[PDB]
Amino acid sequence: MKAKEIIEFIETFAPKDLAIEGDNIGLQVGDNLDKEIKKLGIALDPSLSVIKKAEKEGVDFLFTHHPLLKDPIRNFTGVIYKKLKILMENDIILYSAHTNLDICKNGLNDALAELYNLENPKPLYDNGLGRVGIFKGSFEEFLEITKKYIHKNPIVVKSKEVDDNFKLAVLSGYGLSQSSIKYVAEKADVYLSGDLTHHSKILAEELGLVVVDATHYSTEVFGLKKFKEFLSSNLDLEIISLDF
C-alpha cells in the first residue's frame, strides 16, 4: 500500500471535517505520499521516545492520535529538532487523527460508550465530543468495569451518592476542565474522563457531579487499541503499537 491509500482508508473511518475547529489533524510531516509503506506504527503521542522507537522498528508511516504541534513555531531546536531529524532523515510519514477520531462512529468516545453499554447514547457536546447515556447497573459495577478495562486506580470524586441506572457521561482524553465540569453537571450524574486537577475537583464537589479520572492516557488507549485491531483486520500491512 501507498501512504495516500492508508490515509484514504483512515479518513473514510474518521473524516477530517469531523475535527473540531482549529484541531491540527492530517499530515504532520511528510512529502511524497505515493511511497509504498513498509510498516505502520500507531501511537497515542508523537513523543521523542515513540519516534525513536519508530526508527528502531523500521516504521515508515507513524500514525498518532495527538498532533505533533498545537502551537506553530518558526525555529527548530532542542526536542523538536531531534524529532524532525529522525522523521526526515528516515522519510517517515507522520499523520494524525485527533478529534475526528474522538467523534467518528466507533471512534474513541463510542468505544467508551460501548464498554459501559450505555443505554440510548447521545453526543455529550454539540460538536460531537463525548457520549452520555444510562448506565444500567450500580455505581459499584461501573467502577469494576473501569478498574478492569481502563485503569486500576482511578481517582473518584464522590460528590454525592449515586443511585442505580444513573446518567453516565464519557469523554476520552482531557474532559475535566472547569467549563466541562460545569457543562456536564447539567447532563449527567457521573463523568468519566481524564486529567483531573484541583480546581475542577472542587467545582465538581460543589455541583454534586461525581467525577472519575481514569487518566487521559488510558481513556484514549482503550479506543486506540480497538482502532489498531480494525486497521489490522482490514489492511494487508504490518502494524505495531509504539507507546501502548
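All residue numbers are counted from 1 along the displayed sequence.
Participant: Comparing 46 to 54 with 182 to 190, which has the greater mean CA B-factor as deposited?
Facilitator: Per the deposited B-factors, the answer is 182 to 190.
Participant: Should the higher mean CA B-factor in the entry be assigned to 198 to 206 or to 27 to 35?
Facilitator: Comparing 198 to 206 with 27 to 35, the higher mean C-alpha B-factor belongs to 27 to 35.
Participant: Among the choices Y95, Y174, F166, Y81, identify the one whose CA B-factor in the record is greatest.
Facilitator: Comparing C-alpha B-factors across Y95, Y174, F166, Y81, the top value belongs to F166.
Participant: When the CA B-factors of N109, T77, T99, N153 are compared as recorded in the entry, which is the largest?
Facilitator: If I rank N109, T77, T99, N153 by C-alpha B-factor, first place goes to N153.
Participant: Just say lowest, middle or highest third for the CA B-factor of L242 relative to the other modelled residues in its chain.
Facilitator: Tercile = lowest for this residue's CA B-factor.
Participant: Sorting the chain's CA B-factors, does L235 end up in the lowest, middle or highest third?
Facilitator: Tercile = highest for this residue's CA B-factor.
Participant: Is the Cα B-factor recorded for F227 in the lowest, middle or highest third of its chain?
Facilitator: Middle third - that is where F227 ends up once the chain's C-alpha B-factors are sorted.
Participant: Please rank the C-alpha B-factors of the chain's modelled residues and tell me whether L118 sits in the lowest, middle or highest third.
Facilitator: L118: CA B-factor falls in the highest third of its chain.
Participant: By the record's CA B-factor, is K160 among the lowest, middle or highest third of residues in the chain?
Facilitator: CA B-factor rank for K160: highest third.
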